[PDB]
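Asks: I need the structure of the sequence given here:
(chains A, B, C and D)
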Amino acid sequence: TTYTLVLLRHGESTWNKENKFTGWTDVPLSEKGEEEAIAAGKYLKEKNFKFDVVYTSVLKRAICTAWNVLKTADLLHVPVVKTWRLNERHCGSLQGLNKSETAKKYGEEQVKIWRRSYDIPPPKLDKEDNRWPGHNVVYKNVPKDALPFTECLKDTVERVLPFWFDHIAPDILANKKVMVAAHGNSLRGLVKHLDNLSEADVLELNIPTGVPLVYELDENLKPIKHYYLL
Amino acid sequence: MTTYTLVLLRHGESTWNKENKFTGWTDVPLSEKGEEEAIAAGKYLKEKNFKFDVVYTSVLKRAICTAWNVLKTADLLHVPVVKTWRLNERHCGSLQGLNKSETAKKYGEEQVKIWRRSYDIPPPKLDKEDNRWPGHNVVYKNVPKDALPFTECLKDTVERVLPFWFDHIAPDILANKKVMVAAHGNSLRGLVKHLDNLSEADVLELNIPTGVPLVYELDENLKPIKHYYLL
Amino acid sequence: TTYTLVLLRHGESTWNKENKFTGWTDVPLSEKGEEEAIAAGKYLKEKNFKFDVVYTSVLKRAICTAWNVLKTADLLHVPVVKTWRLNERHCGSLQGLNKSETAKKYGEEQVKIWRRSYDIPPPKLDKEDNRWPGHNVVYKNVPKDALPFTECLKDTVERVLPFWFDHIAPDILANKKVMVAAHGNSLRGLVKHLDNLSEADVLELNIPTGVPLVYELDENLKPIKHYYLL
Amino acid sequence: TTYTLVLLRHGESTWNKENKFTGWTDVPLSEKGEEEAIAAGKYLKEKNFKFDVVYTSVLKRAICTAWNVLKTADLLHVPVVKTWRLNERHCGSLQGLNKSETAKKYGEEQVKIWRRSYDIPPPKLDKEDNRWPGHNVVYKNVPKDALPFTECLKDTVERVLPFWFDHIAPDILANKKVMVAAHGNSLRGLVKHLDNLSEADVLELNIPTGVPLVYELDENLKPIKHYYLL
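Replies: Residues are numbered from 1 along each chain as shown, chains lettered A, B, ... in the order given. This is the structure:
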């Protein structure tokens, strides 16, 4: 028995261009970022990949990538399920700030720790901060104390896992063809469990943008292999 | 006084509307004009400050792409979209794919007129060997084959829509969710027939414009208080 | 590719003994009625029938039948989905009345028509009547205009079939082993569709109490055969 | 705004009479444990407690509690949602062994540590052991990695919290009346989060069997107060 799982990281956003920390900030794809999702959709169509369900975040840049893939591949009827659990890693009080001004405010050494470490997060938001996800209507049905004030990669890995165990994985076991269209850090959390990686290994893992990552899994969901369609 | 707001929206022009070809369940895309109409609907809904908790649509791309363009322009991409065959356009049977001169040649122009304007007289049936039968399309692989039409009249479309109203749309409205239904002329006519308790005569005369939001204000029992177009 | 579907009719209610028209009246199984479901479970256990989902009505005489089956087969973990659409045919203003009282106030032959006919329903309740389902909190999430003042067998067939098409049949097509536990007329509606019966045929059909009705279906859900486990 | 949540721990299982470690072993309620469930049902009905949903585990001692309550309260129409996440704390290789026997092998103080600590689990099951939930068809839809070889209370707490955030809390915020009918340790997991308890507080917390525990919560689901119905 072989199941097939496809992971896809969204392309460039407008804030990647302006050199700002994004996190849960809901910024759009750039034109190039849209172009990547379309190209990803071609490669999947060219290899005749089909899907019974698409999982993505509640952030437009991921959602739009999912949409462009399904449109390009002629699979618009496929249900799309959107969850905050697949959101990008939250960047705390860094969200919105220029990456350079931060590197001269806190120093480049401290800023590097917050980006590259596994378990040391950036400084928290207060709940009175306008960037606190609890103020955003997008999250009105979610209990507000489930929402982060800040995240390290470990936090992201821990919030993605219940969604893997409760929705994605059961669908795979039911013989559904799943695509996960999400963000680097949330996808790294999925990959960490899939291949049972150490902290060192997940930190060295870089998932390229707009390139479908295909996992073949056995009856127990142990990876038989993985590869990129490029 | 408890009031609820429901928004209905018919998709814009498809590629086959130009060619004057009967579409039905054929999954033809919106033309560029159909794209822009969905955007314009979205722009206007954003301007009048409309918000949605759920969008219901068909499994046909011209309707789905309309929902998408509205959510995107209105900055509501996080909103769930639920897609169902029960909101599909009326099935046109053996007319699907053919233009008016082809159908006149096969059936005579007078038979075709009856099928266009009737309530309960459907056009000729497809059978299981015809490649246009929804049963051969993998889009419907999880739908029981005998739920899928070989042909439909408006009465059929009306009857298959009603269950989805009672099971999914109406309960959402009663839970104070702000619903948009983005669909097709005939499936929307099926919802309106029930809402306003229209006779067969009145539903036949009803002509819902394309790409114009149709707003229904409903009371606590979902009886309409009023309806109007945003245009 | 063959699928297996089980149908089961609940045992004797307390009102069957009293000889009153039941309908949607939510009367319990008699003790005998509980024994019938327990025996039904034993039969299914003996032939090692497993279930992934049980569908039933929102009426206790059917819910409790399902419970007793799952309990006897040691399958309590299996999800039970309850719906108004699988309810018994509504008996209108006859609900709660004696079968002799109805003969008196309506005539004996008029009553037989209401029971045996396909499309002639008994007299309507009005909105002011206490027995109208709209006053019952059980149906508080159901829009009130979807609920009947009375029903003929045609009505029952037409409310059951959307639930067959939307929920039961798609489960079967997902290779889930389904049991439907319900009522005479709601089951007769399902059978009518399964076997594409005429009106005359469905009116002659007599589904016995507490005996599992097994359908073998092909890949398109067309019945290959059916039989009773006894 | 405020909300009302009801918790209930199941009564005595047959293995409690034998002083045996149960964990995920799916043993039935004792007759006393059935009566407790029925008595709980009478109390709730008397005080006019209604429910829109009942959450329970996939273990029959909890499921049968939920059923006996609904039956006595005359609320059989209410959906029951069963989840492994609400299962009892897993007892590793101790499952099936009696408490006197276990003292001789490991020593009584070491057994106390496994019974009473927060973060030290009993000896873990082998993957090849018959008792590993991964061999149980009840969990065929759950990825094997989610299935424990052993648990400390900390593990149980961490597996219950996602179900709180994903299912229970959104229902409460959607104005649904929820009952959770489960196990001592899984309920302690919920209470730990609800009352923001320290590790020390939750270890001393002792929830009696078969007594409904009512929580009153504010608009952000923070408890205003809680009490037992006795």
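Asks: Only C-alpha atoms from now on, for both contacts and neighbour counts.
Replies: Will do.
Asks: Distance-wise, check the residue of chain A found nearest chain C relative to residue D:137.
Replies: Among all residues of chain A, residue A:174 sits closest to chain C, at 7.9 Å; criterion: C-alpha to the nearest C-alpha. Separation of residue A:174 from residue D:137 (C-alpha to C-alpha, to the nearest Å) stands at 14 Å.
Asks: So between those two, which is more surrounded?
Replies: Each of residue A:174 and residue D:137 had its neighbours counted (other C-alpha atoms under 10 Å in any protein chain shown), and the higher figure belongs to residue A:174 (13 against 9).
Asks: if I pick the more buried one, what's in contact with it?
Replies: The contact partners of residue A:174, taken as C-alpha atoms under 8 Å, 6 or more residues apart in numbering or on different chains, are C:174, D:141.
Asks: And residue A:23, by the same measure?
Replies: Contacts for residue A:23 were tallied using C-alpha under 8 Å, 6+ apart; they are A:88, A:89, A:90, A:91, A:92, A:95.
Asks: Residue A:224: helix or strand, and which one exactly?
Replies: strand A:223-228 (DSSP states H and E).
Asks: what's in contact with that strand?
Replies: Outside strand A:223-228, the residues touching it (C-alpha under 8 Å, 6+ apart) are A:194, A:195, A:211, A:212, A:213, A:214, A:215, A:216, A:217, A:218.
Asks: Which members of the residues you listed are positioned in strands?
Replies: With strands taken from DSSP state E, the overlap with the contacts of strand A:223-228 comprises A:213, A:214, A:215, A:216, A:217.
Asks: how far away is the last one from chain B?
Replies: Using C-alpha to the nearest C-alpha, to the nearest Å, residue A:217 is found at 24 Å from chain B.
Asks: likewise the first one?
Replies: Remark: distance between residue A:213 and chain B (C-alpha to the nearest C-alpha) = 24 Å.
Asks: just checking, that residue touches residue A:4?
Replies: No: the criterion here is C-alpha atoms under 8 Å, and residue A:213 misses it with residue A:4 at 10.4 Å.
Asks: In contact with residue A:173, which residues?
Replies: Contacts for residue A:173 (C-alpha under 8 Å, 6+ apart) come out as A:219, A:221, D:141.
Asks: okay, now the last one: neighbour count?
Replies: Here the number of neighbours of residue D:141 (other C-alpha under 10 Å) works out to 15.
Asks: how about the nearest residue to it, chain neighbours excluded?
Replies: In this structure, residue D:141 finds its nearest non-sequential neighbour in residue A:170, 5.5 Å apart by C-alpha to C-alpha, 6 or more residues apart in numbering or on different chains.
Asks: that's a strand at the one you found, yeah?
Replies: No: counting by DSSP: H, G, I helix; E, B strand; the rest coil, residue A:170 falls outside a strand, being helix.
Asks: Within range of chain B, give me the residues from chain A.
Replies: Contact residues, chain A versus chain B (C-alpha under 8 Å from any C-alpha of the partner chain): A:58, A:59, A:60, A:63, A:76, A:77, A:79, A:80, A:81, A:82, A:138.
Asks: where does residue A:49 land in three-state SS?
Replies: Per three-state DSSP, residue A:49 ends up coil.
Asks: Over to it: give its phi and psi.
Replies: Residue A:49 has phi and psi values of phi -70, psi 130 when expressed as degrees, to the nearest 10.
Asks: about what we covered before: just the residues of chain A next to chain B: which are in helices?
Replies: Within the residues of chain A next to chain B, residues falling in helices by DSSP state H are A:60, A:63.
Asks: and the next element down the chain from the lengthiest helix in chain A?
Replies: Of all segments of type helix in chain A, defined using DSSP H, the longest is helix A:31-46. Downstream of helix A:31-46, the first helix or strand assigned by DSSP H and E is strand A:53-56.
Asks: Please spell out which residues along stretch A:220-230 are buried.
Replies: A:220, A:221, A:222, A:223 (16 or more other C-alpha atoms under 10 Å in any protein chain shown).
Asks: actually stretch A:22-36, sorry about that
Replies: Neighbour-count burial for stretch A:22-36 flags A:22, A:23, A:24, A:25, A:28, A:29, A:30, A:33, A:34, A:35, A:36 (criterion: 16+ other C-alpha under 10 Å).
Asks: Ok, stretch A:67-83 next?
Replies: Across stretch A:67-83, burial judged by 16+ other C-alpha under 10 Å covers A:67-73, A:75-83.
Asks: Stretch A:164-174 too?
Replies: For stretch A:164-174, a neighbour-count test (16+ other C-alpha under 10 Å) marks A:164, A:165, A:166, A:168, A:169, A:170, A:171, A:172, A:173 as buried.
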